[PDB]
DNA sequence: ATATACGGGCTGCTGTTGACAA
DNA sequence: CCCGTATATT
Ligand SMILES: Nc1ncnc2c1ncn2[C@@H]1O[C@H](COP(=O)(O)OP(=O)(O)OP(O)(O)=S)[C@@H](O)[C@H]1O
Ligand SMILES: Nc1ncnc2c1ncn2[C@@H]1O[C@H](COP(=O)(O)OP(=O)(O)OP(O)(O)=S)[C@@H](O)[C@H]1O
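Chains as they are written, first to last, in the deposited numbering: chain A, 1 to 63, 71 to 89, 94 to 103, 107 to 183, 189 to 266; chain C, 141 to 280; chain K, 87 to 167, 189 to 346, 386 to 549, 555 to 590; chain F, 35 to 349; chain B, 15 to 274.
Written out as structure tokens, the structure is:
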């Protein structure tokens with residue numbers, strides 16, 4: 001394994017690492033035959049986030072699977088990704111050598127333990143419904159909500175419109196009924212009342228990474244109980260997020 | 141049944157009514173004073189002198205303000221036997237004054253302080269069209 | 087040759103467990119009656135599992151869950167490199204109770220029923236003990252899948268278990284109970300014999316098999332705990387070891403003190419009372435009071451109170467009672483200050499125990515215990531409630547006639568007051584003190 | 035350099051002259067290499083820590099620096115940082131040839147709080163396929179039951195005279211010190227079990243005398259106290275106050291505080307061979323006298339009165 | 015009245031004192047040339063300052079030198095009692111008087127018509143070590159900038175216990191190592207850069223230092239413009255800083271630490 | 001004819017130093 | 001500690 005990242009890709013790599021840290025507690029590193037894969041899974045295994053990086057830096061695997076505590080990586084790339096080059100290899107130790115301005119070089123040796131291969135099963139083709147929209151609109155749509163919320167419900171109203179609500183399970192709390200218009204979204208294959216209920220934190224990490232170059236999301240929601248899929252496509256970057264729905 | 145208990149607090153006859161200084165400097169001084177101790181003494185004079193005093197077993201600090209215009213008092217027949225150099229200072233706990241100074245963000249034009257001898261300090265502010273009445277109990 | 091014998095001979099099938107069949111059957115019928123009668127409207131529930139360490143509570147549950155195809159959810163404490192610990196715990200609980208796993212890559216797929224197992228409780232739960240009650244109430248309100256709690260307890264020093272579940276949340280939350288017992292000698296004997304036979308059949312070299320005479324010695328000094336027994340067997344088979391400390395189960399220590407197991411005065415050279423102390427001759431004793439009191443892990447001032455509560459019923463004469471009472475009073479005197487209360491405390495307990503033991507001359511004549519000692523339970527001191535009532539009544543007398556002496560001088564006047572006055576909650580207090588039963 | 039108590043430390047495992055069973059079993063286990071977690075207990079001055087360190091060094095060899103963890107009482111053992119570091123070391127993977135594992139040693143574990151032990155007991159049952167524990171302590175009642183419930187408890191004992199004499203002879207032969215049999219007997223008598231104390235006493239005697247004659251040993255200081263009180267109690271048993279006061283006067287003129295004497299009197303009295311009535315009364319009188327002494331009124335007259343009251347009981 | 019001192023820009027003294035503030039007490043030294051405040055900790059680490067007579071406008075001393083011990087936290091709080099964020103155009107003036115032994119220290123502050131009076135009673139003195147680092151036995155010396163190590167020393171607070179400093183003429187010219195829970199972290203600094211004003215190391219030197227003693231150097235590094243590192247034959251470390259004020263003067267702060 | 005488990009009684013009444021969660 | 005009772009097994 002040998003990767004040499006040069007340019008502004010360091011910032012987007014750090015943002016992806018931050019989103020994964022916001023989702024999961026451990027980081028799975030897997031060199032595939034077509035690039036690098038970063039994987040993370042929630043503690044209760046109710047959410048799964050994967051970033052596949054198309055060959056863009058130097059990718060060359062084999063001369071092959073690891074997992075690391077994620078707080079260490081998060082701290083390293085929060086304090087050391089503001094930096095003109097990055098180098099990643101596998102000695103034996108994981109070297110995260112980081113070239114900097116002038117002649118300063120910083121090296122980071124880390125400890126890893128053997129783990130199994132993590133994967134999931136998603137069927138985007140099997141999903142009837144489909145929704146597409148720019149990420150900025152959705153990010154603006156989730157701003158009025160308080161930062162202490164747990165569950166959010168997405169639905170399609172009567173009249174071809176979207177609706178985001180606040181699911182609550189006599190000292191109650193506030194409720195929100197934010198609504199949008201069909202003229203902002205670009206593609207809707209929906210129905211006359213199909214709605215789903217999911218979490219918020221992983222969605223917030225997804226939106227945080229998706230609010231950089233004005234990317235477009237894609238939601239494939241199905242009947243309640245079945246998982247939802249959030250897919251982000253870019254030039255040289257693929258990402259897929261799988262959540263769970265209340266049944 | 142509780143409608144009477146939320147009525148506007150009554151304002152007794154103030155022993156001394158004094159114009160207040162700029163709020164930012166007073167807030168900064170009080171904030172720096174919070175570290176040393178949790179007790180403060182406020183003193184109001186008849187010539188527009190406002191004194192903030194703390195006295196510990198190790199350090200004693202006193203801050204003076206002068207040239208504060210005394211508003212024309214309604215009772216003009218009760219000043220022939222009251223010493224101008226006399227004062228009606230009081231002592232309060234510095235935990236509720238700091239909140240009141242920190243909340244404000246703009247300096248109004250109706251900054252008034254009414255001080256009584258026994259157990260009461262009262263603040264009057266008015267900005268644009270909104271009036272604020274502040275009541276801080278004494279006896280820290 | 088890379089794992090210990092504890093981790094190498096684990097029970098795969100149910101029949102390889104070292105637990106009595108009835109307990110396994112009870113856990114199994116509870117779990118299977120929950121699974122079979124799983125109503126769609128069934129709410130949450132909490133199961134409590136207790137027992138001394140090293141009996142096999144976790145392994146039997148895991149085996150029974152795997153046999154019937156049940157998903158289990160563990161709870162491992164997160165590792166620090189702002190959010191509170193309780194916040195993380197509640198978030199995990201909500202996620203586990205609400206949603207399910209996705210697909211994984213190779214699992215026991217056909218699952219829609221699961222239980223949550225929590226063993227590694229956080230420290231804040233031990234320090235506070237009041238967040239747990241709110242968490243349990245919320246779970247009972249919003250629970251779907253049952254919650255199983257596993258606790259490890261010893262005979263003396265059980266503060267954590269009673270602090271966590273103080274008989275009130277169990278009563279008002281409808282929590283069940285299942286208690287294990289130490290493994291019987293025969294079961295451990297048969298399993299140890301099987302293990303040593305398996306090692307012997309390995310051959311490889313001429314190694315001395317451990318002697319049989321030490322094999323029951325190994326099981327005798329372990330008190331029904333498999334893991335230390337296997338560890339000691341591994342240590343001893345290299346060519386007694388495993389002296390786990392005992393806790394003595396305080397209610398057993400009280401009986402040991404109060405029953406005075408005596409001997410028939412075997413011929414020895416013990417000193418005798420020469421001429422005039424002929425009424426103080428006693429038979430040989432086979433108990434050390436100091437070790438008994440120390441091993442119960444209790445403060446001395448509490449042991450003396452329990453002895454004072456429970457020592458009367460075992461006596462038959464009055465003079466011995468007088469002597470015992472005098473000894474107890476003298477033991478009390480030595481601890482009445484505050485600066486030197488902890489410098490000298492062993493004297494009081496030792497004096498009280500030895501006085502109560504020696505003063506019983508009726509019982510202390512060897513072959514004179516036939517017959518009696520019926521099925522009698524002990525009790526608890528009554529001084530605590532009376533003292534607390536005295537203190538609260540002190541305050542209720544002071545602050546409300548404040549213009555101890557008031558209870559000693561003014562309260563006699565109150566007792567001879569008996570006239571009404573202008574209040575509502577005070578007439579009840581007046582009628583409280585002054586209406587003691589009297590014919 | 036170092037004194038004789040820390041320079042003559044064994045480096046191998048057969049130089050230890052303590053117990054014979056546990057040491058041989060530990061040598062066999064070091065030969066094989068599948069040790070479980072162990073807890074060592076016993077009186078001070080034996081060599082528990084020496085045995086543990088020698089076992090670890092024999093197990094690892096050249097990879098001791100990067101595969102061993104040692105923790106002490108001077109080092110902070112709270113809950114947070116210790117649990118974090120322990121989990122880092124347990125989860126971290128290292129390569130070991132056949133059966134050697136990673137070793138975590140926590141010396142004097144009795145000083146840990148309940149929270150530290152309760153957080154530690156989880157890590158000691160999962161990562162057993164790549165790591166193992168080893169604990170040394172003095173009081174074994176401090177360690178909670180669940181931690182003991184999965185460990186092998188090895189209990190040492192106070193050394194006898196033969197092994198002490200053999201190792202002392204080895205030291206003398208190494209250092210070429212002229213000796214005498216009665217002087218060595220006196221040194222062993224002063225030792226009273228602990229071995230580092232014996233070596234320190236011998237070095238102190240040899241410092242500025244050049245001989246280990248008994249007179250030189252007693253002159254350069256020390257002397258054992260309890261056996262004098264043991265005779266005194268026997269004297270007061272038979273109503274011999276005149277003979278009882280002599281030893282008390284000797285001890286008081288020797289320079290011993292009342293509390294130090296009165297504690298030893300109680301300690302010797304508990305483990306004695308008398309009746310029950312006499313033991314009860316003696317304990318009562320000693321308790322009252324100790325309360326009086328602790329209150330501040332300490333002098334020779336109080337001890338004399340205590341002796342008189344003890345002698346009055348037997349008449 | 016022994017010594018009296020007056021000034022119109024409290025900020026210079028305030029920042030000089032804040033650059034050395036990590037203990038609770040300090041010892042002063044008033045001499046015909048100026049003040050000198052020093053502090054020590056663990057009998058190994060020692061930090062000292064210097065405020066020459068050029069800064070002052072009204073300075074008066076009597077007879078010989080004057081020594082007294084003062085609490086640093088209270089003095090620093092009293093100095094900056096008018097807010098540590100003045101807009102350009104607002105200044106504060108102070109006057110201080112010390113009337114000999116056995117009497118407190120006066121402090122009269124004024125700004126824009128507001129006048130404050132405070133007193134600090136002093137209980138002196140202590141004893142100071144003799145850390146003589148004259149430039150005669152110094153073997154390794156370097157001078158370098160601050161913006162290079164702003165983040166570097168900011169990226170130095172972990173759960174480690176020892177910091178390793180190695181300097182050699184060749185290969186790792188100036189390398190810092192930190193061994194923690196996760197792993198090693200090297201921060202090599204080469205020569206011929208924008209922050210390498212003079213490299214004159216003679217022989218290789220590798221040493222270990224305690225994090226607890228060397229941590230409070232961050233405050234001196236933040237409010238600085240240049241840093242000089244010196245180490246002698248034995249291995250004692252001397253750090254020299256250079257701070258400037260608004261007027262355009264220069265003051266120095268020195269740190270002395272001992273190796274493990 | 002012999003080994004093993006139910007039944008009933010416990011959380012409880014001034015000063016100086018130290019660890020934990022925020 | 002203490003007494004009496006219901007079930008597995010040879
Ligand atoms: N027949 C057996 N029955 C039970 N455990 C066995 C048996 N044979 C081997 N073991 C081993 O003993 C272990 C039992 O662990 P225990 O510590 O007794 O379980 P535990 O109930 O969780 O104890 P705690 O939690 O400390 S109260 C199993 O995990 C096996 O590794
Ligand atoms: N069994 C032994 N054989 C030989 N020397 C011993 C033995 N036990 C103790 N020593 C001596 O004791 C000296 C230091 O004792 P330690 O082994 O450090 O005591 P310890 O085992 O750590 O027990 P502690 O720490 O006092 S509770 C060594 O240098 C030895 O000379």
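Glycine included, each C-beta is placed from N, C-alpha and C at the ideal position.
Among the options, the one whose alpha carbon lies nearest that of residue i
{"i": "residue 153 of chain A", "options": "A:12, A:197, A:27 and A:136", "result": "A:197"}
{"i": "residue 428 of chain K", "options": "K:445, K:408, K:443 and K:420", "result": "K:408"}
{"i": "residue 475 of chain K", "options": "K:459, K:413, K:303 and K:447", "result": "K:447"}
{"i": "residue 102 of chain A", "options": "A:141, A:189, A:122 and A:143", "result": "A:122"}
{"i": "residue 129 of chain B", "options": "C:146, C:148, C:263 and C:165", "result": "C:165"}
{"i": "residue 163 of chain C", "options": "C:216, C:240 and C:275", "result": "C:240"}
{"i": "residue 256 of chain B", "options": "B:249, B:65 and B:226", "result": "B:65"}
{"i": "residue 17 of chain B", "options": "B:23, B:102, B:47 and B:29", "result": "B:47"}
Closer than 8 Å to chain A by CB, residue i
{"i": "residue 204 of chain B", "result": "yes"}
{"i": "residue 249 of chain K", "result": "yes"}
{"i": "residue 208 of chain B", "result": "yes"}
{"i": "residue 103 of chain B", "result": "no"}
Cutoff 8 Å: residue i Cβ touching any chain C Cβ
{"i": "residue 135 of chain B", "result": "yes"}
Minimum Cβ-Cβ distance from residue i to chain B less than 8 Å
{"i": "residue 146 of chain F", "result": "no"}
{"i": "residue 253 of chain C", "result": "no"}
{"i": "residue 233 of chain C", "result": "no"}
Assigned exposure category for residue i - 16 Cβ within 10 Å defines buried
{"i": "residue 269 of chain C", "result": "exposed"}
{"i": "residue 567 of chain K", "result": "exposed"}
{"i": "residue 332 of chain K", "result": "buried"}
{"i": "residue 244 of chain B", "result": "buried"}
{"i": "residue 146 of chain F", "result": "buried"}
{"i": "residue 101 of chain K", "result": "exposed"}
{"i": "residue 239 of chain A", "result": "buried"}
Test: residue i CB closer than 8 Å to a CB of chain F
{"i": "residue 173 of chain B", "result": "yes"}
{"i": "residue 98 of chain K", "result": "no"}
For residue i, the residue or residues it bridges with in DSSP
{"i": "residue 246 of chain B", "result": "B:152"}
{"i": "residue 250 of chain A", "result": "A:259"}
{"i": "residue 181 of chain B", "result": "B:188 and B:219"}
{"i": "residue 159 of chain A", "result": "DSSP, once it has assigned bridges, lists no residue as partnering residue 159 of chain A."}
{"i": "residue 50 of chain A", "result": "A:39 and A:259"}
{"i": "residue 123 of chain A", "result": "A:109"}
Restricting to runs no shorter than 3 residues, where is the beta strand (DSSP E) found entirely within the stretch 97-158 of chain K? 132-136
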